[PDB]
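I would like to see how this sequence folds:
(2 chains)
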Amino acid sequence: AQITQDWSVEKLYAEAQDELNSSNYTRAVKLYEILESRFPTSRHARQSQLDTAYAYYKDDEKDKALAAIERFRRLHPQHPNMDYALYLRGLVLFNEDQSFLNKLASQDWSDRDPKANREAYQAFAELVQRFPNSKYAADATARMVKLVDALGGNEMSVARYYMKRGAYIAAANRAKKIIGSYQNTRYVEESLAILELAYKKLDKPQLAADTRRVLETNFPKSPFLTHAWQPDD
Amino acid sequence: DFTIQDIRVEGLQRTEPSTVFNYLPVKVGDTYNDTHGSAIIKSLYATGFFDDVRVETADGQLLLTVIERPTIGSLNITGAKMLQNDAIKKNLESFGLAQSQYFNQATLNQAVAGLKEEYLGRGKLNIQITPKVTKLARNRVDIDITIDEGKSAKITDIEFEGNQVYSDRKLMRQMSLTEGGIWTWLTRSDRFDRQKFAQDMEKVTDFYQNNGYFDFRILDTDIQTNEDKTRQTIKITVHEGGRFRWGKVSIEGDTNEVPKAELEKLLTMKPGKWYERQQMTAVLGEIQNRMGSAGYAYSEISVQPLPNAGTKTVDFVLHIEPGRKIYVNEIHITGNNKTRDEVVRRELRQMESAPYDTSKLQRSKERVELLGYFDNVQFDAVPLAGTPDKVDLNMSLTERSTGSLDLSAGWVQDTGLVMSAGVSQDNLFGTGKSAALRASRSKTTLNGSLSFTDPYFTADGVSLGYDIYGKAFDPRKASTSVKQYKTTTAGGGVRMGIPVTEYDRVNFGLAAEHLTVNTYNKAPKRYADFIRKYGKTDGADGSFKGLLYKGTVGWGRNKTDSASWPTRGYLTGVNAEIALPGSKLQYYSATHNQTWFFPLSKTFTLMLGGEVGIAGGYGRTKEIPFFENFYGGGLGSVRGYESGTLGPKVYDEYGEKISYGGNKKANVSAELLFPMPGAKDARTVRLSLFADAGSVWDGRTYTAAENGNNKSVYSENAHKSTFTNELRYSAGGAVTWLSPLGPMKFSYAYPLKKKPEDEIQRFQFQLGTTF
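Numbering: from 1, shown residues only, chains lettered A, B, ... in the order given. What follows is the structure:
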């Protein structure tokens, strides 16, 4: 509180959005909270608590934005823009990692953590369950299948590394978990091959024959069928 | 019955009647007689909405005359002296009081109570807390914090009751609390703290317990203030139990898989020394680590003392009750951002689906913390809903940045300014793949280098990498006129590390290098022979260009408890610079390393150091090139004479003194470390005193020179630079300033058995790294 100048809410919104264009947020949120303190009854309060969340999404802290959006839920649980806030949550929880110093355009995204990925999956499930028809339906399902593919790929990388060490008795349970609760993924016809190789290396002839029958009935054409599975790299 | 038709609340400002429509447990068209007359009160009183709501029922428009919760707009912060205003602001935000945060007076009372009690925990007792509550705009409130702090809380006398077994003074010398004197005024080293007092209490418990006195019945503690609440006095009353003789420990219990004989052997104890309770805790720890490495994490060990008086002894029966052998089902990892999952799974033991052994878990913990990528790591063990033999080992990390650019400067006694710049990275936004560009430059040294390493080449691990360096050195510089020659080396090298065991890791290396060494104006005798045998003369100068294909063997172990401020442990190793044949200048040199430590006292620590190395000649080259010889004497070598001033000294044109150096170096060191008790234990300075000899030898004898011999004896046997078992006596003290801006070592040395040819250096100062 250093200028404390009377202004117009529309001009304040214009200044805040052009500051967002020019990456000025610390004063924008301070230009946001002042209008809410002086003029409480305004949708600009919600617009502020959402675009300062987007700003903290460009920045590092998250607890402030999450606390603000939960306080909003506690005060105004019936605003129509809630979905966007929800999306913003799914945004701020996803951790796009906007940083050019370590760009790495590949960015497999399967290295952040299982915690945030699983929490974003739960959040997006709550999203699709709450509003079946919002301003965003295709992008939500797209990023959802992307993150579940990333989780499956993380599990696949764990299983692959464990196979590089010889833990067949452990890769067995890992592959069982993958084949039992990680369907519809792309890392299927390779994990099955690792399970078959492990069963062959563990002297399980009947189990190997059975799992190979499942192989030929579930994947009739795959390069892993001709060439036995070999740990890459 | 009653049907609700748009029940109105009146006496509001911003409550948004739709929001309260949602919040009331009823809605439009609902019957309410008296049910939620107080339930709504509890709901809106919770979640921070209102504090005084009058609920009425009249004409369908209920008069809810509410005084809205005041808003903490801007917290006024001042009067904080020892603690920071941002700190109190953050730890108050921890309790709420965020933006407008529906302020409550009871929360203010709770906060002021918390701060006053936490300050009473400190040396501030008489706190006139006056948080000024002022009515700002419509609902804004500013809470002003005012802490009227006392001077301090120092102790006048520290005495106990029944103080017959030990002297008061020596008892004060062991506790972590002193009284006011001349070495306590600075840094307020006499403040009183609750946690520090409890720590001193448990410390004196361990003191009386290790000495052989049992059960240490502490009667009471009495604190007393003075007038105006400025000074503090402490009184203690305790009770001892006398010494004993504990010799009959025993163990009993089921040992399904581990043999009892092993547990009895690990139970190190004897009827002598009458006991050691620290050893009791140690044997509990070792029996929990061993019995529990077979796969029994929940081994509960019970201990009950059996005291037999008259003879004044106590025995210890250990009724261990293990069972339900624990396997491992799965192990997760959390907080692994910016890092691959495999770079963490590649280090720890306890693969999977195996019995759970803490012996491997602690090794995995030390291995992962030895990586440096993370700050804090924990090893949780949560059971699963399939609790027979199935548990879970979810992980947790605290990430730390790895790559950075270093731009450091340092100052040495003779050369002066030295610079070291460069970029380094331990994780190139992927796996480890550590690489670094580093260039150091002084008035006499130039060292550029690019390096790139990968700890894991194979599946287990090989430190595979490349490196191209730009070594250059020329000491023809200011007053210190070391033998004049400019050398510059470059080229590459394969350096392969290979762990032989879980602890140690040897590393070999081959390298193809090019070298250009150019001398200067007319050189001593040992240079013309080289430039006419292998080098190339050019008028009154000499130069040489070629290849120096060389290898390096290394093996170094270090187990000190801390990098800085060392303790029990020892840095040792072996190294070998063997210029592999195939190119010119076929030579080799070996070295050793031994820096044993000994903390034989709580304050004074000693060290037994010493290194040994030989630089042999082989193949075509029979002599030793000067530009790769050793320079005896210096700071780290003898802590005495000037650097590179050992060995013989030969006169050159215009009467300058040059030293050749030998092919057999050795040194042994010994000092005594104790800190300075002036202000406090601030980690800034360390004092010691060394008394160490040297070693430098030539083997041949020197009689011919530039018409003048710099030695007393006309035929001084240069087999040793001195009498047999080459060495030079000296000693002296050494202070070290260990501020984070590099070490500043100031050594004041006095020579011993001073021969009339050894130039002395009484005071040496080194600032920074100067590596």
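
now the residue in the stretch 51-200 of chain B that chain A sits nearest to, nearest residue through space, not along the chain?
Nearest residue of the stretch 51-200 of chain B to chain A, counting by CB to the nearest CB: residue B:99, 6.0 Å away. (Each C-beta comes from the backbone N, C-alpha and C, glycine too.) Of all residues not flanking residue B:99 in the chain, residue A:33 sits nearest, at 6.0 Å (CB to CB, 6 or more residues apart in numbering or on different chains).

what about that neighbour, how many residues nearby?
Neighbourhood size, residue A:33 [other CB atoms under 10 Å in any protein chain shown]: 18.

which outside residues touch the helix or strand hosting it?
Element membership for residue A:33, per DSSP states H and E: helix A:26-38. Helix A:26-38 is contacted from outside by A:1, A:4, A:9, A:12, A:15-16, A:19-20, A:42, A:44-45, A:48-49, A:51-52, A:55, B:71, B:73, B:99-100, B:140, using CB atoms under 8 Å, 6 or more residues apart in numbering or on different chains.

tell me the buried residues within the residues you listed.
Neighbour-count burial (16 or more other CB atoms under 10 Å in any protein chain shown) applied to the contacts of helix A:26-38 gives A:12, A:15-16, A:19-20, A:44-45, A:48-49, A:51-52, A:55, B:71, B:73, B:99-100, B:140.

so of the residues you listed, which ones are in helices?
Mapping the buried ones among the contacts of helix A:26-38 onto helices (DSSP state H) picks out A:12, A:15, A:16, A:19, A:20, A:44, A:45, A:48, A:49, A:51, A:52, A:55.

of these, which is the nearest to residue B:647?
residue A:55 (68.2 Å; CB to CB).

which residue sits closest to that closest one, ignoring its sequence neighbours?
Nearest residue to residue A:55, sequence neighbours excluded (CB to CB, 6+ apart): residue A:25, at 3.8 Å.

one more: residue B:558?
Counting by CB to CB, 6+ apart, residue B:558 lies nearest to residue B:571, which is 4.6 Å off, once chain neighbours are set aside.

what kind of secondary structure is the one you found in?
On the three-state scheme (DSSP: H, G, I helix; E, B strand; the rest coil), residue B:571 is labelled strand.

wouldn't it be in contact with residue B:592 here?
No - in this structure residue B:571 lies outside contact range of residue B:592 using CB atoms under 8 Å: 11.9 Å.

if we can go back for a sec, the residue nearest to residue A:55 against residue A:53, yeah?
No - applying CB under 8 Å as the test, residue A:25 and residue A:53 come out as separate, 10.4 Å apart.

show the contacting residues for the closest residue to chain B within chain A.
Using CB to the nearest CB, the single residue of chain A nearest to chain B is residue A:170, 3.5 Å away. Contacts for residue A:170 (CB under 8 Å, 6+ apart) come out as A:162, B:351, B:352, B:353.

quickly find the element holding the residue of chain B found nearest chain A.
Going by CB to the nearest CB, chain A is nearest to residue B:352 of chain B, at 3.5 Å. Under the criterion DSSP H and E, no helix or strand holds residue B:352.

is the nearest residue to it once chain neighbours are set aside in a helix, a strand, or coil?
Nearest non-adjacent residue to residue B:352, counting by CB to CB, 6+ apart: residue A:170, 3.5 Å away. What three-state DSSP gives for residue A:170 is helix.

how near is residue A:170 to residue B:293?
The gap separating residue A:170 from residue B:293 is 20 Å, by CB to CB, to the nearest Å.
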